[PDB]
Chemist: 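What follows is a structure written as structure tokens; I'll ask about it next.
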Protein chains: 2
Amino acid sequence: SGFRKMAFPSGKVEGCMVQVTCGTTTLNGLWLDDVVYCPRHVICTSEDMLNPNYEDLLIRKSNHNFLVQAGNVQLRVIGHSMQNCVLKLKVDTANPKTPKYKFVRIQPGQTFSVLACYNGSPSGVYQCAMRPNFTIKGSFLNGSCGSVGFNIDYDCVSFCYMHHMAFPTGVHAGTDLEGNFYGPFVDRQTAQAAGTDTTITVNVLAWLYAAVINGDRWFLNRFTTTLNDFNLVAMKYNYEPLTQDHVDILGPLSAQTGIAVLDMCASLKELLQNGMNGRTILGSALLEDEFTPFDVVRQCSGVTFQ
Amino acid sequence: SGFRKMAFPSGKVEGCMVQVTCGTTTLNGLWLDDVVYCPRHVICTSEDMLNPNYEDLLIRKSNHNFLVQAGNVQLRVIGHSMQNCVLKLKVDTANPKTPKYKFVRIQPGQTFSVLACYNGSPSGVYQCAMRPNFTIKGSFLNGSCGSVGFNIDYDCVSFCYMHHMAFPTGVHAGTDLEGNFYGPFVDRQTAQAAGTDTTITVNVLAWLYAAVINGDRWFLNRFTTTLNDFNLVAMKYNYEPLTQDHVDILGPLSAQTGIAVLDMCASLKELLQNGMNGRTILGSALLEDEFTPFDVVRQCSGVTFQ
């Protein structure tokens, strides 16, 4: 009973966070086996960031220009390469606390947990979603660069995000762990536009099912509707159009509650047009789109990990 | 930049969670050194819970009736006592992963992180507040009993909460780690009323300061007001009255932003009377009271831990 924006337990990621220093810049790095991963803009001064030529900047750097610190013990850099927008600092000591891990590139609308770090030390953990415009709305201060996002599949940690940039708009951008940005962003200090943001409709429907599982049922109505007519209302309010793959994903939520996806949509349709009228659902005065269908099943069944 | 309901990193607590089984019942326990802590109602059947005489039930139990499991390794019970509403199962193996810890009993309005567990395995982590009526609005399924709440002071883990009961109302109740319930609750399966809930006014003001730190300033007005007149408006809307200790706690938030507490109150006063008019603050359509002033300073300065 109850429903909370829940993060994954962070223990397996904590033992992987190191502090990386090059010149005057210090940010966080991810120490798996004997490779440290960190944003390549650790090699830039505040002046370089306006127009960095990363190849030329990297050339004037040698292995002993990088101070990697894992707690009270300094690491030794044996080799450096640049994979897209991440620096791989090959080190000598492999991380004994290296978990079974995996690098994955997530799709918009999926959720993950962020372990926010400063100077290589864990500060806090929260759950967030990759927006349809490939930003995230995080909580990141200066020198939280290098902090990582992750999911947990039983015993395997899936790393999916590394924080790189904060934009004047309040939004945050980063890469996968191979160094490819999510979205059309580049790691330089210049004005960059994100797309129009849209609401993740499949997630909203998973949250309405969570509400029904928890005894909020007032939004339930008698109408039904069609996918095609719903999508016409949704596209008016900047909601992601629903496809059949979406209806199927919500299958188990439908079977455990005996309410048809299309019936849930008809409730939603009404909620977009008529509004909330000052009521709430699961404590909120707005429709929430940061829970995936799998997030809801996990929290309403008690899935555990290593 | 940005603001998120942030939990503490859970690594140090994960290595302390064990599974406790007695008869048919299985819940979570906290394994510090060579003592396991768990709800005493692990010794009850579903029938016993209606009217348990814990002393008599405990008498028919011997050390070998308790199966404590820490992963794939069974623990050995050497002694059991009942401290208030917690069972202390003294075991032989001390926990090697025992952190520097502390038992503390928190006051209403303070916040902590909950590590939700099932069968002794971490499932997720979230942040919550102790309501003024000594409940919490958590996310707990059957057999999440024994899950613990905690804060982190640099390297010391302060344990402050253990989950015991879920009430028909959707609210949750538990004890400190010495076994004293928060609130007027008892561990028996009967109807129990919580008090009227009130909004934690000092927390709300810390969140408005967080909003100003993040560029939301529309609620800022020109009026001021007095503590006494504000408290008269607040007591109308079921808000906790403000005292001078509260104004002082918000001192650093006031100095870093150059806005007087009483000026912030005058904004709040207006917000309670005139309403939100469909605007939002830090993304929310309602006033939030689950951030303490210290929570805001931690997230707006980058405080780190071991």
Side-chain angles (χ1 to χ4, degrees), chain A residues 1-15 17 71 113-128 136-144 152 166-172 214-215 275-276 278 280 283-286 295 298-306, chain B residues 1-15 17 71 113-128 136-144 152 166-172 214-215 275-276 278 280 283-286 295 298-306:
Chain A
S1 52
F3 207 71
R4 282 274 181 184
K5 201 161 277 165
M6 185 164 297
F8 288 104
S10 57
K12 303 185 187 324
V13 184
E14 289 170 44
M17 298 312 298
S113 292
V114 167
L115 178 63
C117 292
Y118 300 90
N119 284 103
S121 277
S123 171
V125 59
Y126 53 93
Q127 187 87 334
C128 66
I136 70 175
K137 303 181 146 319
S139 185
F140 289 116
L141 291 159
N142 193 75
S144 65
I152 302 186
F167 292 136
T169 59
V171 310
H172 305 111
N214 272 282
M276 295 264 283
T280 65
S284 178
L286 301 147
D295 293 341
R298 182 161 74 256
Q299 186 161 170
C300 292
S301 73
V303 162
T304 52
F305 312 106
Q306 194 67 10
Chain B
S1 52
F3 207 71
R4 282 274 181 184
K5 201 161 277 165
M6 185 164 297
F8 288 104
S10 57
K12 303 185 187 324
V13 184
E14 289 170 44
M17 298 312 298
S113 292
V114 167
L115 178 63
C117 292
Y118 300 90
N119 284 103
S121 277
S123 171
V125 59
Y126 53 93
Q127 187 87 334
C128 66
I136 70 175
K137 303 181 146 319
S139 185
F140 289 116
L141 291 159
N142 193 75
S144 65
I152 302 186
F167 292 136
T169 59
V171 310
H172 305 111
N214 272 282
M276 295 264 283
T280 65
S284 178
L286 301 147
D295 293 341
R298 182 161 74 256
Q299 186 161 170
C300 292
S301 73
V303 162
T304 52
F305 312 106
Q306 194 67 10

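Chain naming here is simple, since letters A, B, ... match the order of the sequence lines and numbering starts at 1 in each. All values below come from the heavy atoms of this structure, side chains included, with hydrogens, waters and symmetry mates left out.
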Chemist: So, for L115(A) and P9(B), which heavy atoms are closest and what is the spacing to 0.1 Å?
Modeler: CD1-CB, 4.4 Å
Chemist: I'd like to verify something: which residue of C117(B), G138(B), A166(B) has the highest number of heavy-atom pairs under 4.5 Å with chain A?
Modeler: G138(B)
Chemist: Counting heavy-atom pairs under 4.5 Å with chain B, which one of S121(A), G283(A), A116(A), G120(A) comes out on top?
Modeler: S121(A)
Chemist: Do you know which two heavy atoms are closest between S123(A) and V303(B), and how far apart they sit?
Modeler: OG-O, 3.0 Å
Chemist: Looking at chain B, which one of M276(A), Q306(A), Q299(A) has the largest number of heavy-atom pairs inside 4.5 Å, strictly under?
Modeler: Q299(A)
Chemist: At a heavy-atom separation under 4.5 Å, does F3(A) approach chain B through its side chain, its backbone, both, or neither?
Modeler: backbone
Chemist: How close do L141(B) and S1(A) get, counting heavy atoms only, and between which atoms?
Modeler: CD2-N, 4.0 Å
Chemist: Provide the closest heavy-atom pair for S139(B) versus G2(A) in the form atom of the first, atom of the second, distance.
Modeler: OG-O, 3.4 Å
Chemist: Tell me, do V125(B) and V125(A) make a side-chain contact under 4.5 Å, heavy atoms counted?
Modeler: yes
Chemist: Taking side-chain hydrogen bond (donor to acceptor under 3.5 Å, both in side chains) as the test, write out the residues that go with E14(A), two or more places apart.
Modeler: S10(A)
Chemist: In Å and rounded to the nearest 0.5 Å, what is the CZ to NZ distance from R4(B) to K5(A)?
Modeler: 5.5 Å
Chemist: Measure distances from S144(B) to the heavy atoms of chain A and classify the residue's part below 4.5 Å as side chain, backbone, both or neither.
Modeler: neither
Chemist: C300(A) versus chain B, heavy atoms under 4.5 Å apart: side chain, backbone, both or neither?
Modeler: backbone
Chemist: Quick check for you: among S113(B), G124(B), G215(B), which has the greatest number of heavy-atom pairs under 4.5 Å with chain A?
Modeler: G124(B)
